[PDB]
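Residue numbers (the deposited numbering), protein chains in the order written: chain B, 69 to 109, 121 to 482; chain A, 67 to 108, 122 to 482.
Each remark here refers to the structure printed beneath this line.
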Amino acid sequence: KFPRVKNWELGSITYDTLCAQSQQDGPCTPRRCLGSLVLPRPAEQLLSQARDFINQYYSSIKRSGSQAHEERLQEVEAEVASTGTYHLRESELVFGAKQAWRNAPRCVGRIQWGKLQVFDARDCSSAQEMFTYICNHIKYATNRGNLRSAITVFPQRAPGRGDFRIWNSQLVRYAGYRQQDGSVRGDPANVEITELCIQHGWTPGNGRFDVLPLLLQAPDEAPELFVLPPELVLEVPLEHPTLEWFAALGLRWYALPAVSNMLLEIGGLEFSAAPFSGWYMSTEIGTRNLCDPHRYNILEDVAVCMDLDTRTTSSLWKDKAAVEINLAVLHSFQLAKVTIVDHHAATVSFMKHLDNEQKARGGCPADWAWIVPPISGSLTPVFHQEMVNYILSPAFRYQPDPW
Amino acid sequence: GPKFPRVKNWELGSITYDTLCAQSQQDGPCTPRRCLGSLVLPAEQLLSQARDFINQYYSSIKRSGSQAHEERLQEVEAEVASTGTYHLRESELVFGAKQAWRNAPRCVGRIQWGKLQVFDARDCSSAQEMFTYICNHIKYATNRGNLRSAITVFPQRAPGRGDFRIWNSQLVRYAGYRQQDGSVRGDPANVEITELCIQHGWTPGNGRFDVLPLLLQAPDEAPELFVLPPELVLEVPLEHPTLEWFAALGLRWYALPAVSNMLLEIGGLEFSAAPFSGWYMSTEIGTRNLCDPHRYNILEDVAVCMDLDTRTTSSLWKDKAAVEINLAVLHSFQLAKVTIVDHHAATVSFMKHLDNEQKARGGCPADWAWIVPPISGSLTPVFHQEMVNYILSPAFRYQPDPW
Ligand code: HEM
Ligand code: HEM
Ligand SMILES: Cc1cc(N)nc(C[C@H]2CNC[C@H]2OCCNCCc2cccc(F)c2)c1
Ligand SMILES: Cc1cc(N)nc(C[C@H]2CNC[C@H]2OCCNCCc2cccc(F)c2)c1
Ligand SMILES: C[C@H](O)[C@H](O)[C@H]1CNc2nc(N)[nH]c(=O)c2N1
Ligand SMILES: C[C@H](O)[C@H](O)[C@H]1CNc2nc(N)[nH]c(=O)c2N1
Ligand SMILES: [Zn+2]
């Protein structure tokens, strides 16, 4: 029933008993494992998801089974009874957002989960107020390049009406202009979101790193367009510690990773619009975004840069150059005084987190295939550690694109 | 769409469904509540399994439902009727062996599934005789560098009577000698089996790369020790194409990967000895056996020779060294004319295998975590490929070491 979990480097063994508190089916069954798929295709329920969540918070501040807890438990019981829903108190919502991050199986940064700036933006009622809220979050989070973890919660879903949404998947991301000649200027992964932007009447540039404007949508209104003012957006040019030419490449990435399309779920309530951010691990920029073939796919150009042998796989030019890009990403961010983290440091601190969690709750749910870096997998200690995935709440879910 | 796992390739945008998994007749480790993907070690019934196997066979020869098919069935029932067990026709053994390897979710090797040499050794009655079978195997399969897939099949398990069993995990393994100051000389993987060889009479070496003897067991007889004639065991001295100093590290590997401790299960018949072999993927040696902290752990040594900053993670001295070491594996094998294959080509071709299997059977069981290499993960196409993993029979399966 409870799983043995070995580390294959140190022959050490633990037991998840946290996953006993999973109230949510994932994709696997005893017949097949679906664990590598990325995506997954009533008052009595709400009232019970609430109760529980209230129970986490009182237990969190040690004030379990007492007056303020009991009393707050009729408050929700009565609010649902009458109106089919309730609302959170600020501190409660500060406890859930943090915890939603604690429970994110696919996060390698979860050691930081205690340290989260929570902006409560639930008193928002137009896209114009959204833009401002978002604009502050960025100024705060960026901090002249000493990045800081932040989330900003906008108002919850309501049964009678459309959601507050941000159309973008991140707050910063680059244009991807599809061209006549089948090709693409800039980031291929943001083609559809660039087009959507043009359809709502944005003036588009034509470089490789045109920062996208923001499409914010308030309940039942058509979405609106807000260009982010260039100075809130911190960018970092790409140069190499020894390779003079690397620079002359025009490569650069932005400083702030802020996910802006995921849904945040606390106590059975749902926040369709709740962007969050911390800081990048080098391998998000160096390996995935520049290195993927369906993205910027600069590898071959790096390799030709270096005058290696393009003609054959077994010379390892794929791997040699990748390596320099992650080295270029780390160097370049360190020079700009922007917070970055390499995948060795990162995963090492992730192991500490599992150990921290093992003692604190009895396990930690994690998704092996997402935690292990996209290069040098076995060279990181997370490769050698078995993990469990299950679903805890508070939680970030995926949600449909609003068009 | 259909109620069958939908399976996507994120690089290409392509979609398939896996109908094969419906034929899985045996549960893995997951449930809807939790995913165990990462865990390394996750009469009436006899007739039931055999019937399915025979169907499977007659299908593969297009004679499904025919006279010869219903005849073999009745014959197989009658076999089991009076004896408890049954026996496989020669060609039934050749097909189930191939089917067992085609069904192996952890093997990236599968495109070659149809090209296997099957050595029937079901006539073998002594440990002395295994040594002989085994020596022929290595001779055949090594074929002086031009390597060849093969499997030798020893007598099946049987009521009462005890098993045949190669005790070595591989036909070729380097010794692992426990020092009197905690550390190990040689492959730490093999301390347990090394100790057993000595206890059973073997005079041991004092090296990093000593080939182990063979501990062979025959029903109810004590295991017996057999030394491989050095001339039979082909090894490769490791050199680097541009770093002249690398050769001097005294590094070497052997040419033949040959698993010897797995169970081969067909039609509910179990073969407890069935060494099988193929040819290496470069990362099995370059990255795993050489760079694992718990194996030879040569990463630091190599990085010093490379003059890398090994006091900070962010230099990517690990990544840089592992590449070189892998490149030197690839190059050492090339030069000696010994069949090898680099993670890049080897995965390009698992992609092809996937497409073939889609057409032939509607799907292919795959352990993502294992199919994806320990280095340059995202840089290979399997990284972007969702996989479905279930258990199909005939299978290779783990068994408990015999002692
Ligand atoms: C502070 C440093 C942080 C680092 C280094 C970090 C790193 C990462 C990485 C590397 C991933 C998966 C990478 C990928 O998309 O391929 C990820 C996923 C995730 N992160 Fe973190 N993160 C950080 C902070 C945060 C914060 C503040 C939150 C929210 C409060 C967060 C929530 C999540 C969630 C929900 C996922 C899953 C995304 C998905 O399922 O698609 N992370 N993080
Ligand atoms: C033809 C060249 C071959 C290549 C490149 C290849 C590659 C591999 C690799 C890379 C693995 C994963 C091993 C690990 O890292 O632990 C593997 C596992 C496996 N291979 Fe293949 N292989 C080849 C031939 C064969 C043959 C001939 C067989 C059987 C006849 C076979 C059967 C298996 C099985 C059963 C496993 C699973 C072991 C486990 O589950 O732990 N392979 N193979
Ligand atoms: C908060 C934070 C910090 C950090 N270092 N890293 C992150 C992950 C961000 C950045 N780097 C990738 C992005 O991850 C975004 C979430 N992943 C989406 C994967 C996906 C793709 C396409 C279709 C889908 F349905 C799903 C978040
Ligand atoms: C036939 C063939 C060809 C090839 N290239 N590669 C192979 C896998 C071999 C070689 N390279 C590793 C070994 O695979 C053996 C599979 N077992 C390892 C998992 C394991 C389970 C339990 C305890 C452990 F310590 C380890 C076979
Ligand atoms: C299909 C596979 O699940 C998919 O390619 C995953 C693999 N691992 C990943 N790991 C991280 N950190 N981020 C990713 O996008 C992916 N993609
Ligand atoms: C924890 C994890 O399951 C384990 O380290 C696996 C990961 N993937 C692997 N993949 C291969 N090919 N071989 C392995 O030994 C492993 N080890
Ligand atoms: Zn699973």
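We put the CB at the ideal spot given by N, CA and C, even for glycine.
query: Chain A within 7 Å of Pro453 (chain B), Cβ atoms only; result: yes
query: Test: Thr282 (chain B) CB closer than 7 Å to a CB of chain A; result: no
query: Stretch pair the stretch 214-230 of chain B + the stretch 458-471 of chain B: three plus CB contacts closer than 8 Å; result: no
query: First through last residue of the alpha helix (DSSP H) which encompasses residue 535 (chain B); result: In the structure as shown, chain B starts at 69 and stops at 482, and residue 535 (chain B) therefore has no counterpart that could be examined.
query: Residues that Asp93 (chain A) contacts on chain B, provided the C-beta gap is smaller than 9 Å; result: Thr97, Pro98 and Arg99
query: Run of the alpha helix (DSSP H) containing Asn75 (chain B), from where it starts to where it stops; result: Premise fails: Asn75 (chain B) lies in the beta strand (DSSP E), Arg72 to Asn75, not in any alpha helix (DSSP H).
query: Distance cut-off 6 Å: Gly79 (chain B) Cβ against heavy atoms of ligand 4; result: no
query: At least three beta-carbon pairs within less than 8 Å, the stretch 208-226 of chain A to the stretch 172-185 of chain A; result: no
query: Through-space distance from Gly239 (chain A) to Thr85 (chain A), alpha-carbon basis; result: 39 Å
query: Under 7 Å (Cβ pairs) to chain A, residues found in the stretch 410-425 of chain B; result: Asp421, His423 and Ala424
query: Sequence-distant residues of its chain with Cβ nearer than 6 Å to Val417 (chain B) (five each side left out); result: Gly224, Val315 and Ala334
query: Within-7 Å CB hit, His373 (chain B) to chain A; result: yes
query: beta-carbon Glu363 (chain B) near ligand 3 non-hydrogen atom, thresh 6 Å; result: yes
query: Three-state secondary structure (DSSP) of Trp447 (chain B); result: helix
query: Exposure of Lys69 (chain A), with buried meaning 16 or more beta-carbon neighbours within 10 Å; result: exposed
query: Beta strand (DSSP E) segment containing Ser80 (chain B), residue limits; result: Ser80 to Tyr83
query: Beta carbon of residue 118 (chain B) nearer than 7 Å to that of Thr362 (chain B); result: For residue 118 (chain B), nothing is modelled; it lies in the interval where chain B passes from 109 to 121 with no residues in between.
query: Of the residues A:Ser138, A:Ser351, A:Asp199 and A:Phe243, the one placed nearest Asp299 (chain A), counting alpha carbons only; result: A:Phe243
query: Any beta strand (DSSP E) of 3 or more consecutive residues that is wholly inside the stretch 206-251 of chain A; result: 229-232
query: Members of the stretch 394-407 of chain B near chain A, C-beta cut-off 8 Å; result: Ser394, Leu395, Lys397, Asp398, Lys399, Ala401, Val402, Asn405 and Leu406
query: Helix, strand or coil at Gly144 (chain B) according to DSSP, with G and I counted as helix; result: coil
query: Counted within 10 angstroms of its Cβ, other Cβ atoms place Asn285 (chain B) as buried (16 or more) or exposed; result: exposed
query: Residues of its chain near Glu208 (chain A), where Cβ-Cβ distance is below 7 Å and the 5 sequence neighbours each way are ignored; result: none
query: Among B:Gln278, B:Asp289, B:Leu293 and B:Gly193, nearest to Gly329 (chain B) - alpha-carbon criterion; result: B:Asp289
query: Check: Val290 (chain A) C-beta below 6 Å from any heavy atom of ligand 4; result: no
query: Chain-order list of residues whose beta-carbon lies under 8 Å from that of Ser145 (chain A) (same chain, five-residue window excluded); result: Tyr137
query: Cα-Cα separation, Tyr469 (chain B) to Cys186 (chain B); result: 14 Å
query: Meets three-Cβ-pair contact criterion under 8 Å: the stretch 93-103 of chain B and the stretch 85-101 of chain A; result: yes
query: Selected residue, minimal CA-CA separation from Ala337 (chain A), among A:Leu395, A:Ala352, A:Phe325 and A:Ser170; result: A:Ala352
query: Rounded straight-line distance, which links the Cα of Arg331 (chain A) to that of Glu318 (chain A); result: 9 Å
query: Interface positions of the stretch 241-274 of chain B facing chain A (Cβ-Cβ less than 9 Å), listed along the chain; result: none
query: For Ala297 (chain B) and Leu313 (chain B), the rounded distance between their alpha carbons; result: 27 Å
query: Span of the beta strand (DSSP E), counted from its first residue to its last, around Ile345 (chain A); result: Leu342 to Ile345
query: C-alpha gap between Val306 (chain A) and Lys399 (chain B), whole angstroms; result: 41 Å
query: Closer than 7 Å to chain A by CB, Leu195 (chain B); result: no
query: Boundaries of the alpha helix (DSSP H) in which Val173 (chain A) is found, first to last residue; result: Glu169 to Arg181
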